[PDB]
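Have a look at the structure below before the remarks.
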Amino acid sequence: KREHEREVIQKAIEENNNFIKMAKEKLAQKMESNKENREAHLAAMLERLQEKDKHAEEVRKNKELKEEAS
Amino acid sequence: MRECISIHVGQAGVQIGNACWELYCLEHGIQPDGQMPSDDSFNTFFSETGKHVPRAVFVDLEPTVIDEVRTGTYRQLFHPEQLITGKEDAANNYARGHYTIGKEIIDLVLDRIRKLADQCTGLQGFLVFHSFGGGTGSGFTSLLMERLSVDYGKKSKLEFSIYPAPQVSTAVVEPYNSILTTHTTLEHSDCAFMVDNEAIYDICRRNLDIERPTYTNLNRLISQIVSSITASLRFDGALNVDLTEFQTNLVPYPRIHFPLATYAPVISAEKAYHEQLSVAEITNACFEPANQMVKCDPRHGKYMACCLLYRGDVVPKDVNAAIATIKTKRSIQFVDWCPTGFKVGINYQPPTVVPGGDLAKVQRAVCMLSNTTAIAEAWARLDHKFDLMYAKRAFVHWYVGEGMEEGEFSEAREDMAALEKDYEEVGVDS
Amino acid sequence: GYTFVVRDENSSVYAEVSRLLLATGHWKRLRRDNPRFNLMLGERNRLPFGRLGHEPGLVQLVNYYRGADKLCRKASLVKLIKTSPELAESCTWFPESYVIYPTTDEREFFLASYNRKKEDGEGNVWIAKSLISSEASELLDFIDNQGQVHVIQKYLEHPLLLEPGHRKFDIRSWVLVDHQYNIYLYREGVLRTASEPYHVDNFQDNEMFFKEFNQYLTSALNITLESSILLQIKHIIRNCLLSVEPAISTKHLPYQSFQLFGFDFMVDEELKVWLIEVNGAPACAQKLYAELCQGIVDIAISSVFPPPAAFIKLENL
Amino acid sequence: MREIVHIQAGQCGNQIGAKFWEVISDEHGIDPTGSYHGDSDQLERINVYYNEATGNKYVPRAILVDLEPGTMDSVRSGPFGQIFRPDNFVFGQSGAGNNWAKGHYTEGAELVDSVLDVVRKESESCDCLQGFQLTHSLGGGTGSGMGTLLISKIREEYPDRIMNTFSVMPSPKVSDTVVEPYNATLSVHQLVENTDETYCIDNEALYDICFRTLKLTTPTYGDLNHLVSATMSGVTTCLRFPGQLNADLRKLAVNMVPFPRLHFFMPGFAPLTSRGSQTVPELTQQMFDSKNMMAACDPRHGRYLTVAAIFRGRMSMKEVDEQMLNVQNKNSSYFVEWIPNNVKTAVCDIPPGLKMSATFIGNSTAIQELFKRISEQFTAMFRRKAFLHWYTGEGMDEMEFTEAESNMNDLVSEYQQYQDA
Ligand SMILES: Nc1nc2c(ncn2[C@@H]2O[C@H](COP(=O)(O)OP(=O)(O)OP(=O)(O)O)[C@@H](O)[C@H]2O)c(=O)[nH]1
Ligand SMILES: Nc1ncnc2c1ncn2[C@@H]1O[C@H](COP(=O)(O)OP(=O)(O)CP(=O)(O)O)[C@@H](O)[C@H]1O
Ligand SMILES: Nc1nc2c(ncn2[C@@H]2O[C@H](COP(=O)(O)OP(=O)(O)O)[C@@H](O)[C@H]2O)c(=O)[nH]1
Ligand SMILES: [Mg+2]
């Protein structure tokens, strides 16, 4: 019976500690994966805007070509 | 020696917190400067210096609202470190409150909370006040609850959650924030008292004759119900029963931790008439749907617990006689697996009202805390509104834009579907 | 304007009611889960009553009274008769019944009553429903060999038999309870008759209307349908709906309710009416569908959403 | 503080922008010298639009942009011309000739970097910048082409901020150049992608309001701008005064925009006209009426995704709530059922001007009628390649026109999809 009394209290510790452990790791994983997702959304947004600038440089150059071949 | 730290998150939590602490001060004879001439049970909520200071922390991602506390009548009451503010709010977005902006202020909050915990010789737990609809109230609170479960493992965490009502709603995405916060906080909350703003609004219009109630009107009535619930922790007596003892009876299953609160009497300060109101009258009012904190029909829901918390001139004889009459006359049906009995608590300290308030001062009052499956109607209403919008993915881009995924939406909704099913199962006979 | 939803396609009664609303020009039918409705013709099980009357400005009415199943389910009706203060001591019209659970549980009380009847030489035939026998040992075994809760009711061994044919019958009455709780008994009833002669030993075994039944009563017993059966029926309906009235009343609820009920009666040879069962979602007789469904549209729907003599309003004295 | 950086570009942008500043400066008790001489507590949220300068002066956080000095010389001389920061005036000498390509790619590209230097300076001096608001027209060249260019560059530098615009749509009834449908289509293509919320101010609607109802035979730009300033004051009320509903640009966007592309609002105002002029139920019925919309669309031809109503002046809040519930329910078919409680209401004690007024902001699917009108006009010219040489001569390709036309047609089909849901 003393053997079981020690198994009960150790089971309670192992469960609370393991719960605290999992929650800590899952929260850090969520905050990290969120950071990655938000930064990816901004990176794609800026990539789209940059592709638009590259196109404006190509338009200004396309005018430079037409003016010289006039 | 069991202290209780209160945490007020977002506008609703802060403004409700202001009302509760204003009431607690009046109840304990504490002046706005912290001085208490009458000077213990009230030390569960107040630390001493002869200044009595609330064991509370006010958190908001924007400074207007807390700045009113910092400059208001009770500015002296709180220590500056207890009032924490950010610069940019969560814009009614759970994702901003939990992730984008929450990450920036969380550690500071946990430190200010740690400073209160360090002054406790035997911390009992936390009382978290917040709205379901706001970005901070929903998002930041669930992050806070997640971190508190880590930093304070065992400790109990109770909630006072402000359920959204269209009459006073400020955002179309409140259903989203409500499901998201409920899902995330479910494992981390031991007991949650939902306060339906629509129910408090309708009581103010009916019982107080207020044409268009304001937050001040709502919050003062809310503070009375919150006071009744926490009275057992701030006072002590032979007939006083501790809230944690009621909590053992109130929560049969970890997930079914949402008691319905009903309060009586709510009488207008001008239309008081001088009527006294027997123990029998107020006890009967606890079973009138018009007096519940959440809109639902308990007549068509099975009870798992029923607790009566009396506050003024009340003697057991009257209580037992009132309960006897209520039985064999009311639709009080318990689940076949729970004893059909009422747990009673009496605090001889009469109810206090704010001078120049809408509520009349009464000789006796009662708050009933009952765990009824009827509260699941509130989840059904919220889940239906979530379903209407989520079907079209309306507004979801605002959440995804802050790093969230559609997966969290369906995961939170599936958990709510399971919760609605749990309330259904617990009502079925064995 | 007025809009309505249909969440029960199997309901034959409300399918006709839906057609009548659409015929007026005042009613438009919305999709199943559109929550901006005025009238809801809801589903039989798990109707979302909690979501009703919460959309601001809208007046919402539902074709069912939340609860009422406490009067309709066999076990809950037995529980209501034996426990309601309004019925426990006054009920003389419900056959002696005991709720028997297979896997609370009035098994010991049934055996005490069964033994009282066999000792005194009294009639001991009982009917188990979720088997007709005079043994109780084979009646109890029948219940235990099923995963359902049954009710052991006293079998009416001496019923009123229709001549010619010498046959058993039961009466079905349609009752419409509108918002504000006004009980209306539909003028026309139906007799679900048997087409075989009655036997007091063989335990192994067609719609007559009130005009033909009234004509059989005089000449057969020289008595009319009223003063012998119709007064009893009206009394039973009034007592049953008013016992559950405080538990189902929508006066303190954000929405309004109305319901059509199907009361089932059985007349004994002494002309005494006995309530057998109440139906929450009843089915009408083919010729009475047009009049009954129009009565539901006028009394229950048009009273709440505004654009004869066939429904007797039941009142006391 | 939650600051907004205001930018006004081109003739229209600077004319409506100057009026907006005169209107709100009056409402906030700020005189042309920048000094405060009001009552109440104006001033509580003055920092949303105003910087605090030496000597207790409030300076509008506005940037004035144009490729021609003309309109800029008119401002700086008119009323409230001396209120602006002189350094914030950024102009060129060669205009844009009502050519989007010139404003977006050539003339505008030469001036854009110097504008961004002023934007950056104003942003660095913000405790917490909420975003930017741009006033401009879509039919000209500077406001249309260079304005959309500015939006693109600002978004690159501030991707996490809100981009709001007041965009004046062109109309044949009030036109100056035949190439307006080209400029407008090209600008709408940009706005669809790079703004969070756009207030569609239609010159066709402003004209029809002045002409029909107001009974003005020949309305001038001054007559049209009176409607714009009254609307702009109204739609910005919740941002300038202490409130709960849509208090900032982000909260407004979160409440008004269910789908990222569908962010084009249809403003409304009541009662119509001041410019020398003279109940709650009357205010409500008018603000929801097609005749009071600043976009030439019939709301009864579509459905409202979201709506924001604002009432100004002393009135019964109980009556406001009753009336708003009455417009819904009586017209419940014109509000999408799949967005619960999509109509929000705010009330401000301080009226404009008038004793009491109402302002309507709606995200209606009927807004497709505006984009259809432009698309029809764009196609009538593009089909016959009319005047394309002015745009191709600046470096642009025909493919760019086909993409802008297609993106706007997609926008219309998206608005129709949600109308049939
Ligand atoms: N009873 C009551 N409800 C309130 C109060 N303040 C806000 N609410 C409700 O709470 C919800 C909005 O949450 P808020 O608390 O305003 O938001 P927040 O937590 O500050 O979040 P963000 O502003 O988005 O950062 C709505 O349902 C409001 O009706 C208050 O003082 N009392
Ligand atoms: N006590 C009784 N005496 C005589 N006939 C009975 C009876 N109980 C039931 N019956 C007959 O058996 C049929 C069984 O019908 P059903 O199974 O739908 O329920 P019911 O109306 O009998 C319910 P209850 O359990 O309340 O008696 C009845 O329609 C009736 O004809
Ligand atoms: N409402 C209004 N429209 C204007 C005003 N000025 C110009 N417009 C419109 O703007 C368009 C012409 O572009 P404009 O802004 O003048 O030139 P830009 O400098 O090239 O942007 C046309 O559709 C005009 O109707 C003004 O002050 N008010
Ligand atoms: Mg807030």
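Just so you know, these numbers use all the heavy atoms, side chains as well, and skip hydrogens, waters and symmetry mates. So you know, we letter chains A, B, ... as the sequences are listed, proteins then strands, and number each from 1.
- For the pair D:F335 and D:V307, the minimum side-chain heavy-atom distance is below 4.5 Å.
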Chain D and chain B: which donor-acceptor pairs fall below 3.5 Å?
| unit_1 | atom_1 | unit_2 | atom_2 | d |
| --- | --- | --- | --- | --- |
| D:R2 | NH2 | B:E88 | OE2 | 2.9 |
| D:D127 | OD1 | B:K87 | NZ | 2.8 |
| D:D127 | OD2 | B:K87 | NZ | 3.1 |
| D:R161 | NH1 | B:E88 | OE2 | 3.4 |
| D:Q244 | OE1 | B:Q11 | NE2 | 3.0 |
| D:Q244 | NE2 | B:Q11 | OE1 | 3.4 |
| D:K251 | NZ | B:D89 | OD2 | 3.1 |
| D:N255 | OD1 | B:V172 | N | 3.3 |
| D:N255 | ND2 | B:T170 | O | 3.0 |
| D:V257 | O | B:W398 | NE1 | 2.9 |
| D:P258 | O | B:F395 | N | 2.8 |
| D:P258 | O | B:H397 | ND1 | 3.3 |
| D:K318 | NZ | B:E211 | OE2 | 2.9 |
| D:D321 | OD2 | B:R212 | NE | 3.1 |
| D:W338 | O | B:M389 | N | 3.4 |

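- For the side-chain contact (heavy atoms from CB on, under 4.5 Å) test, no residue two or more places apart in sequence or in another chain qualifies with D:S125.
- Here D:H28 and D:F241 bring their ring centres to under 6.0 angstrom of each other.
- Taking CZ of D:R312 as the start and CD1 of D:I350 as the end, the distance is 7.5 Å to the nearest 0.5 Å.
- Atom CE of B:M389 sits about 7.0 Å away from atom CZ of B:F395, to the nearest 0.5 Å.
- Proximity to chain D involves both the backbone and the side chain of B:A171, based on heavy atoms less than 4.5 angstrom apart.
- When all heavy atoms of B:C204 and B:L218 are compared, the pair lying nearest together is SG-CD2, 4.1 Å.
- One distance of note links CZ of B:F386 with CD1 of B:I179; it measures 6.0 Å at 0.5 Å rounding.
- Per-residue heavy-atom pair counts under 4.5 Å with chain B were compared for D:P242, D:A253, D:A247, and the maximum is reached by D:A253.
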